[PDB]
Structures are given as structure tokens and as C-alpha cells.
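Q: Pasting in a structure now, in C-alpha cells, and then I'll have a few things to ask.
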Amino acid sequence: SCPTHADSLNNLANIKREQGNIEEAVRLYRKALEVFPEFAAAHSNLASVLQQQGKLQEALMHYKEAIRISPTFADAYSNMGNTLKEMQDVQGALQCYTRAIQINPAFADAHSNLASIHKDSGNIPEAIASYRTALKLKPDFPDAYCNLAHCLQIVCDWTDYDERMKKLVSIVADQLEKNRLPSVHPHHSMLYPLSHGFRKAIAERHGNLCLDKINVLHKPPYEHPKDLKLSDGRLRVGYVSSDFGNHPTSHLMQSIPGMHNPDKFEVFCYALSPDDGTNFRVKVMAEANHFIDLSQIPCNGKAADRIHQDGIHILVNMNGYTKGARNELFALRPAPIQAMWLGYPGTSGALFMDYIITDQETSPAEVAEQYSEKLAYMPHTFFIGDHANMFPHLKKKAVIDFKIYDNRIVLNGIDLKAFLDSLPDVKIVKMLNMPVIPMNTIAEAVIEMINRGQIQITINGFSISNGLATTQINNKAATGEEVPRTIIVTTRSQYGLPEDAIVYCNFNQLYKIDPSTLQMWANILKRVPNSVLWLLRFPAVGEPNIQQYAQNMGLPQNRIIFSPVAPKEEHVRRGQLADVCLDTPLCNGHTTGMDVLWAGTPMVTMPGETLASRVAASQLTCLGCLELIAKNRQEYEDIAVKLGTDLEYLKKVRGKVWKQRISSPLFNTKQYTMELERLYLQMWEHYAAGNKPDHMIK
Amino acid sequence: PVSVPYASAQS
Ligand SMILES: CC(=O)N[C@@H]1[C@@H](O)[C@H](O)[C@@H](CO)S[C@@H]1OP(=O)(O)OP(=O)(O)OC[C@H]1O[C@@H](n2ccc(=O)[nH]c2=O)[C@H](O)[C@@H]1O
């Protein structure tokens with residue numbers, strides 16, 4: 001019953017923790033509490049390893065105990081918050097943090113923890129406030145500094161940018177070396193000027209976070225199959241994603257599980273998230289050989305068993321370090337071969353991940369040392385898009401001549417052709433080829449609809465729809481879950497674009513822009529007098545800042561135009577209004593890349609070192625447009641300017657993209673799938689041969 | 699308005 005005894009034991013446990021040996025720390029803490037139950041600090045310390053071990057349930061009970069004993073223990077409130085957060089109970093965690101700040105106004109971690117909730121709710125100006133307060137109180141606070149840095153990144157606050165960057169690197173350098181988990185999140189690492197070893201090292205550490213969370217299950221390694229006999233000659237592939245729903249990942253690959261060859265492959269899909277109700281989820285469930293809802297199985301042990309139960313040869317991780325991920329599954333190693341694919345644009349840095357699926361343009365062999373996995377190359381690009389299936393109404397277009405431009409007033413629709421046939425005076429420009437309606441009563445009716453901002457009209461019996469009102473006319477078609485059953489008008493005046501301008505667009509989230517990237521565009525815009533840059537309020541708080549920096553680089557306000565975020569279908573379709581897309585080189589347009597290319601809009605890129613800064617190039621290569629790929633800032637500007645001045649050249653390239661998007665393999669999910677199948681079987685043969693994974697660069 | 703799903707970190 002001795003406090004002193006217990007006190008010493010605590011001192012010992014804290015030692016055992018420092019020497020990284022978690023196992024033992026817990027055993028000691030537990031004995032310290034056995035001797036003296038009313039020990040606050042023991043309770044607090046035992047809690048946080050239980051938290052580390054992912055035993056939250058319990059870790060919570062102990063934090064609750066700690067408080068009851070020491071009501072002024074501000075440090076325990078804060079942590080209990082973190083726990084409650086990690087238990088999807090945001091409400092109660094929020095209560096802890098505020099309660100902690102109220103008790104100790106000066107306690108800095110609370111202020112940061114609070115900011116972090118705000119960050120996850122996507123209210124950023126508040127998150128920033130609270131980070132600034134936290135840093136004021138404790139001017140040396142990595143977690144807070146780094147998280148702040150990321151917010152400022154998202155709103156395009158670029159104050160002290162260069163010192164901020166150097167400072168980040170600086171902090172990460174320290175933390176990597178002091179063997180402490182780094183404040184920069186691997187998903188963001190690509191945004192800063194770190195070394196590639198540094199980036200791999202970060203990933204590596206978050207790799208080890210799962211490793212500890214599963215060690216405490218004490219599970220025997222699994223016996224993997226060694227041949228295809230039990231599965232009847234079929235290779236059993238398992239996709240594991242938290243985004244079989246309305247989400248980019250689905251927007252890309254929803255067709256693929258459907259497209260596998262049933263003779264040679266058996267497809268298992270493992271959803272990490274509950275059914276959201278959308279058609280994406282439905283298709284995948286309808287088309288995969290087996291669909292397993294792992295969100296019903298929170299325990300990682302039983303989940304992994306369930307995978308191994310199913311006899312999976314290749315397990316595909318589509319999440320990496322993104323929201324809703326559960327890599328503890330992969331860490332448990334239920335399939336002999338485990339590959340990263342499509343979903344996460346970076347190395348896992350982890351031992352339990354065998355292959356990363358990519359290509360030579362995105363991950364050339366020089367830079368194989370960036371990844372911890374062996375490379376598996378697809379023959380063209382590893383990227384892919386459902387656009388062909390999702391948006392068939394964009395295969396063809398027709399235009400109105402209102403005075404021959406291809407992107408001023410556009411018309412798309414499944415039944416466009418029959419409607420043009422109803423019309424008396426259509427003219428047929430050659431490139432397929434592009435129908436042009438002349439300025440008649442018809443044309444005038446359409447344009448007046450647009451002008452008065454009316455939902456829809458009827459011409460010769462066909463429905464003509466304002467392409468700003470689609471969510472009203474048909475919710476499902478606007479989200480991309482249905483194909484639109486009318487004809488849709490899209491025009492520059494709808495978005496306040498100047499009818500006779502050169503429109504450079506970039507539709508990405510604004511965090512992808514940095515002061516360099518902006519400078520380049522500034523230059524381009526100066527050299528092309530009839531130009532405007534088209535951006536998105538993503539988020540809206542971002543807009544003033546760009547406007548600001550744009551103005552200091554010497555651009556009048558009216559030179560940059562902001563549009564609001566739109567539903568998928570409208571978003572893709574209005575890409576047709578743009579003349580050239582200008583790609584962010586810090587981090588490329590990924591899904592967006594596909595989106596803008598589908599509209600027939602050429603995109604200028606400047607590939608860098610990081611995978612994520614190379615994807616766009618890789619897409620353009622596959623398409624067959626190397627003249628759009630710049631070797632440096634300088635060349636980037638020139639390619640843009642050439643497009644923006646040389647209207648003949650512009651037309652040549654635009655026509656190329658338009659044609660190529662069909663005829664190249666890029667938007668070809670069937671061909672894509674078959675290649676993915678090749679690469680699968682290669683991986684298998686090799687492992688069945690008795691070999692540990694090596695590069696599959698062919 | 700309308701917000702759309704996008705990828706983001708693990709928090
Ligand atoms: C850098 C990065 O994280 N890259 C990821 C890739 O590595 C992953 O492979 C892709 C998913 O697996 S997602 C991701 O690719 P990104 O291009 O960054 O897409 P992001 O996460 O910004 O969201 C854009 C969405 O908004 C839609 N969008 C956009 C504007 C609009 O107005 N309307 C709209 O619907 C777009 O159509 C998209 O649906």
C-alpha cells in the first residue's frame with residue numbers, strides 16, 4: 001500500500017518506455033497501480049500506452065480515473081480528448097479540450113488539440129487562430145507549427161513562405177534524428193522541399209504506427225497459399241478501399257472489378273466504409289465476384305482473418321495514408337503479395353507493402369530509391385478514368401455561332417444528333433467533326449434561356465437544359481451516378497468568362513499552388529494580352545489571398561476569375577469552355593487531370609521529382625502529346641504562350657487531345673484492366689517460383 | 699456552394 005514503492009515503479013516504467021520497450025512499461029505501470037490505486041500519474045501514463053496500443057476502450061477508463069484523483073491534471077484532459085477523438089466521439093473530445101483550457105489558460109497542447117478539431121471540420125480560419133495561440137504560449141511546438149503550416153498552405157497564405165519551409169525541414173530533420181514521430185503528415189510531405197529520403201523516412205514512421213497497434217493481438221503469421229489449386233486456377237485479388245462510394249477513387253476505377261476475366265481471376269472487394277447509398281457503391285457490389293463489408297468488423301484481427309479466410313493471393317491497398325484507411329490490415333500480412341495502387345500518390349514506406357503499382361513516366365528507375373516497395377510498371381500509365389462510361393454525353397459536342405470558336409457556347413447530349421437533324425441550317429466544320437448552329441430564332445431562344453437564367457426550354461420537342469441547373473433537373477445525373485437524359489447548354493457567360501479571351505484554367509484545390517507556380521502564370525498572362533486565368537473557390541477564403549499576391553505581381557483584379565465549386569458532371573463539362581489548362585507543378589492534377597483531358601482541353605505540365613508532381617506528364621505521354629510537357633519553368637511559360645497566341649497551333653493541339661482521348665489507351669478501362677491482369681500474374685508467377693518480390697520493370 | 703468529396707490525410 002506504499003506510495004513510495006509505487007513511485008519508484010513509475011520511475012522505472014518511464015525508463016522502459018524511453019528505451020522503446022512498450023511491453024514492459026505497461027507491466028510495471030500495472031504493478032505500480034496494484035500497490036497504490038490512488039496514483040494519478042500512473043493512471044495517466046498507463047493510459048497513453050494503452051492509447052498507443054489502440055486499446056482505447058480501456059485507456060479511456062484510466063484517463064477518467066486520473067482526473068477523478070487530480071482534478072487540476074490539465075494534461076490528462078487533453079489526452080482524453082485525443083482518445084475520444086480517435087473513437088469518433090468528436091463531441092466529448094471537444095468538451096475535454098475546452099475543459100482543459102479553462103483550467104489551465106496557459107496549457108498549450110489543449111489549444112493545439114482544439115485547433116486540430118477545427119481543422120478536421122474544415123473550418124480553417126478558426127483552426128489557424130487556435131494554432132497561433134498555442135505557439136504564442138509555447139514557441140517551440142512542432143505539431144502545432146506543422147499543422148499550421150498546412151492550413152496556411154490551404155488558404156494560400158504565403159507569409160514568410162521561404163523561412164516557413166526551411167523551418168519545416170529543420171524540425172523534421174531534428175525529429176527524424178531524435179527518433180520521434182514527425183509532425184509532417186506523409187500525405188502532405190510532397191508539398192514541402194524535403195529530401196526523398198526524408199519523405200520515405202516519414203512514411204516509414206507512420207508505417208510503424210500500425211505495427212504496434214497489431215503486435216498486441218499476438219497473432220501467428222498466416223499460412224499463404226502456394227498455388228491456385230484451392231481457387232480452381234483463379235488468382236484471387238482483393239481490393240481494399242474506404243472509398244467504394246461517391247468519391248474520386250470510385251470515379252476512377254468503378255468499372256474495373258467488373259472488367260476482370262472470370263476465368264483467371266476472382267475479385268474480392270473489401271469496403272472499409274458503410275454503404276453511402278450511391279450508384280457507385282451499387283455497381284461495385286453488383287459486379288465484383290464478392291463484396292465484403294469490413295466496416296461491420298471493426299476489430300483488425302477478425303477482419304484480417306476474414307481476408308485470409310477468403311484465400312486472397314494479391315491484396316491491393318487503395319488507401320495508403322488517407323482518410324478511413326486501415327493499414328493494420330496489411331501489417332497483419334494475410335495475403336502473400338500486397339500492392340499499393342492508384343489511391344495514394346506516394347510510397348507507403350512500410351515493410352508489409354510489397355509492390356507499388358506505377359509506370360516508367362511516373363516512377364523512372366533512377367528514382368526507385370524514393371520508394372520502399374518494388375516497382376510494378378503498367379505499360380502506359382498507372383492512372384485511369386471512368387469518364388468514358390460515366391460521361392458518354394461528352395464524346396461529341398455542337399456549338400452556336402453568335403456573331404468559328406469551339407468553346408464559347410457548347411451543347412452536349414446523348415440525343416444531340418437527332419436534335420440537330422430537326423434543325424434547318426446546321427453547318428458541319430471538320431477536325432470527328434463539329435456541328436455549328438447559326439444565329440437564328442432557335443439560337444436566340446437558347447441564349448435567352450441562359451440570360452434570364454431559366455432552368456430549361458423545349459425546342460422541336462427536345463428538352464434543352466441550362467447547364468447550371470442540372471442538380472434541379474436531375475440530381476443523379478449531376479453527381480455522375482446517371483447519364484444525363486437531355487441536351488445541356490454550357491457557355492462562358494454563365495461563369496462570367498469573357499467571350500473573346502484565352503482562358504487558362506486550373507481546377508485544383510488551391511493548396512496545390514505555391515508562390516513560384518503563381519509567378520509563372522503571372523508571366524504567362526502578361527505575355528498573352530487577351531488572357532484570363534480561371535480558378536476555383538476551393539476554399540473561398542483562398543480567393544482574396546491569391547488576388548492579393550496576383551496584384552503584387554502586377555495583375556489587375558479582372559485578370560483572374562474565380563468560379564464556385566460545382567458538382568462532378570457540371571465540373572467536368574465546363575472544362576470545354578477553357579482553352580488550355582495550366583497544371584500545378586508542386587503537386588499535379590490527378591483525378592482533375594483526367595477530367596480536363598476528357599473535355600478535350602490540353603494541359604501544360606512541368607514534371608518534378610515526387611510521384612505526385614509527375615502524374616500529369618505520365619497522362620499526357622500515354623495520350624501522345626509530349627509537346628505539352630515542359631523541362632523547366634522557362635519552357636513551361638513558352639508552351640503556354642505559344643498556345644495562347646498561335647491560334648492555328650492551338651487548334652491543332654486541341655483537335656489532337658479531342659481525338660486522342662478516345663483513340664489512345666488512356667480512358668480505356670477494358671485495356672487497362674487486362675494490363676493490370678498481366679502485372680498481377682507476373683507478380684504471382686514470381687512469388688510461386690519461390691521468390692521474394694523484386695522490380696517488375698519489363 | 700455544393701461541396702464535393704476529395705482526398706485528404708488520415709488526421
Ligand atoms: C494530391 C492528391 O491527393 N491526389 C489524389 C490522387 O492521388 C488519387 O488517386 C485520387 C483518389 O484516389 S484523388 C486525388 O486527385 P486530385 O486530382 O488531387 O483530386 P482531389 O483530391 O483534389 O479531389 C478532386 C475531386 O473534386 C472533383 N471536383 C473538383 C472541382 C469541382 O468544381 N467539382 C468537382 O466535382 C474532381 O473531379 C475530383 O473528384
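Residue numbers (my numbering), protein chains in the order written: chain A, 1 to 698; chain B, 699 to 709.
We put the beta carbon where it would ideally sit given N, CA and C, even for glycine.
(1) Looking at chain B, which residues of the region 181-200 of chain A have a Cβ within less than 7 Å of any of its Cβ atoms?
(2) Pick from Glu-635/A, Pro-564/A, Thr-610/A, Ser-465/A: whose alpha carbon is nearest that of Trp-521/A?
(3) Counting only the same chain and skipping the five closest in sequence on each side, list residues whose C-beta sits under 6 Å from that of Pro-193/A.
(4) Rounded to whole angstroms, what is the Cα-Cα separation between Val-282/A and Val-399/A?
(5) Tell me which residues share the same chain as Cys-625/A and place their Cβ nearer than 8 Å to its Cβ, disregarding the 5 neighbours each side in the sequence.
(6) Quick check: the region 639-646 of chain A against the region 365-385 of chain A, are at least 3 beta-carbon pairs closer than 8 Å?
(7) Taking the continuous beta strand (DSSP E) assigned at residue 710/A, which residues delimit it?
(8) Just to confirm my understanding: we take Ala-388/A, look at its own chain, exclude 5 residues before and 5 after, and list those with CB closer than 6 Å. What are they?
(9) For the region 239-262 of chain A, enumerate the residues whose C-beta is nearer than 7 Å to any C-beta of chain B, in chain order.
(10) Under a three-way DSSP split, which group does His-247/A fall into?
(11) Is any non-hydrogen atom of ligand 1 found closer than 7 Å to the C-beta of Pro-585/A, if you look at the structure I gave you?
(12) What is the DSSP secondary structure of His-590/A, counted as helix, strand or coil?
(13) With H, G and I counted as helix, E and B as strand and the rest as coil, what does DSSP make of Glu-204/A?
(14) So, is the C-beta of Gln-660/A closer than 8 Å to a C-beta in chain B?
(15) Out of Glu-38/A, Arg-30/A, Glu-24/A, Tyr-29/A, state which residue places its alpha-carbon closest to the alpha-carbon of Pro-3/A.
(16) With distances taken Cα to Cα, identify the nearest neighbour of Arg-199/A among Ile-450/A, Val-184/A, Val-528/A.
(17) Can you check DSSP and say which residues form a bridge with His-290/A?
(18) At which residue ranges does the region 641-697 of chain A contain complete alpha helix (DSSP H) runs of 4 or more residues, listed in the order of the chain?
(19) Are there any heavy atoms of ligand 1 lying less than 7 Å away from the beta-carbon of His-590/A, as far as the coordinates show?
(20) If distances are taken between C-alpha atoms only, which option among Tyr-549/A, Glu-126/A, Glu-569/A, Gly-496/A comes closest to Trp-534/A?
(21) Touching or not, the region 536-551 of chain A and the region 352-368 of chain A, by the rule of three or more beta carbon pairs under 8 Å?
(22) Answer yes if the region 67-84 of chain A comes into contact with the region 34-53 of chain A, meaning at least three C-beta pairs across the two stretches below 8 Å, and no otherwise.
(23) Note down, in chain order, all residues in the region 563-580 of chain A with a beta-carbon under 8 Å from any beta-carbon belonging to chain B.
(24) So the candidates are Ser-112/A, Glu-223/A, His-188/A, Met-553/A; which of them puts its Cα closest to the Cα of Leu-332/A?
(25) Does DSSP put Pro-435/A in a helix, a strand or coil?
(26) Can you pull the chain B residues whose beta carbon is under 9 Å from the beta carbon of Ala-612/A, in chain order?
(27) Below 8 Å on the Cβ atoms is my guess for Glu-677/A versus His-260/A; work out the distance and round it to an integer in Å.
(28) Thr-490/A CB to nearest chain B CB: under 8 Å?
(29) Beta carbon of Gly-343/A: closer than 7 Å to some heavy atom of ligand 1?
(30) Mind checking whether the beta-carbon of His-150/A lies closer than 7 Å to any heavy atom of ligand 1?
(31) What's the C-alpha gap between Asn-279/A and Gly-480/A?
(32) Determine the direct distance from the alpha carbon of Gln-175/A to that of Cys-156/A, and round the result to whole angstroms.
(33) Would you mind listing the alpha helix (DSSP H) stretches within the region 53-89 of chain A that are 4+ residues and don't spill past its ends, in chain order?
(34) Which residues, in chain order, does the region 321-343 of chain A contribute to contact with chain B at a C-beta distance below 7 Å?
(35) Going by other Cβ atoms of all chains shown within 10 Å of its Cβ, with 16 needed for buried, is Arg-326/A buried or exposed?
A: With the structure as the only source:
(1) Considering only beta carbons, the part of the region 181-200 of chain A lying closer than 7 Å to chain B consists of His-185, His-187, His-188, in chain order.
(2) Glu-635/A is the residue among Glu-635/A, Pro-564/A, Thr-610/A, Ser-465/A whose C-alpha sits nearest the C-alpha of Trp-521/A.
(3) Once the five neighbours on either side are set aside, the close Cβ partners of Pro-193/A are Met-165.
(4) Across the structure, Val-282/A and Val-399/A are spaced so that their CA atoms are roughly 35 Å apart.
(5) Within the same chain, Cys-625/A has close Cβ partners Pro-602, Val-653, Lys-656, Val-657, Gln-660.
(6) With a cut-off of 8 Å, the region 639-646 of chain A and the region 365-385 of chain A do not count as touching, because too few Cβ pairs lie within range.
(7) Within the shown structure, residues of chain A are numbered from 1 to 698, placing residue 710/A beyond reach of any answer.
(8) In its chain, beyond the 5 residues on either side, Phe-667 have a beta carbon closer than 6 Å to the beta carbon of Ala-388/A.
(9) Listed by position along the chain: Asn-246, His-247, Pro-248.
(10) Coil at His-247/A, not helix or strand.
(11) No; taking the cut-off as 7 Å, the Cβ of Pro-585/A has no heavy atom of ligand 1 nearer than that.
(12) In the structure shown, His-590/A sits in coil (DSSP, three-state: anything other than H, G, I, E or B).
(13) Here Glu-204/A sits in helix by DSSP.
(14) Taking Cβ atoms only, chain B never reaches closer than 8 Å to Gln-660/A, which makes this a no.
(15) For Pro-3/A, the nearest C-alpha among the options comes from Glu-38/A.
(16) If we check each option's Cα against that of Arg-199/A, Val-184/A comes out closest.
(17) Answer by DSSP bridge pairing, in chain order: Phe-268/A.
(18) Whole alpha helix (DSSP H) segments, 4+ residues: 647-663, 669-688.
(19) Yes, Cβ of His-590/A sits closer than 7 Å to a heavy atom of ligand 1.
(20) The candidate whose alpha carbon is nearest that of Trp-534/A is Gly-496/A.
(21) Taking a cut-off of 8 Å for Cβ pairs, the region 536-551 of chain A and the region 352-368 of chain A do not touch, as fewer than three such pairs fall below it.
(22) Yes, the region 34-53 of chain A is in contact with the region 67-84 of chain A.
(23) Here the close residues are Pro-564, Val-565, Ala-566, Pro-567, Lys-568, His-571.
(24) The shortest C-alpha separation from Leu-332/A is found at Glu-223/A.
(25) If DSSP states are grouped into helix, strand and coil, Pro-435/A belongs with the strands.
(26) One finds nothing in chain B with a Cβ atom closer than 9 Å to the Cβ of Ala-612/A; even the nearest lies about 11 Å away.
(27) Going by Cβ atoms, the distance from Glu-677/A to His-260/A rounds to 7 Å, so yes, they are a contact pair.
(28) Not closer than 8 Å to any Cβ of chain B, the Cβ of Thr-490/A fails to qualify, so no.
(29) True, at least one ligand heavy atom lies under 7 Å from that Cβ.
(30) No, the beta carbon of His-150/A sits no closer than 7 Å to any heavy atom of ligand 1.
(31) Taking the CA atoms as reference points, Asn-279/A sits about 9 Å from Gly-480/A.
(32) Their Cα atoms are separated by approximately 26 Å.
(33) You should have 56-69, 74-86.
(34) Within the region 321-343 of chain A, the qualifying residues are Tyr-321, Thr-322, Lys-323, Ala-325.
(35) With 16 or more other Cβ atoms within 10 Å, it is buried.
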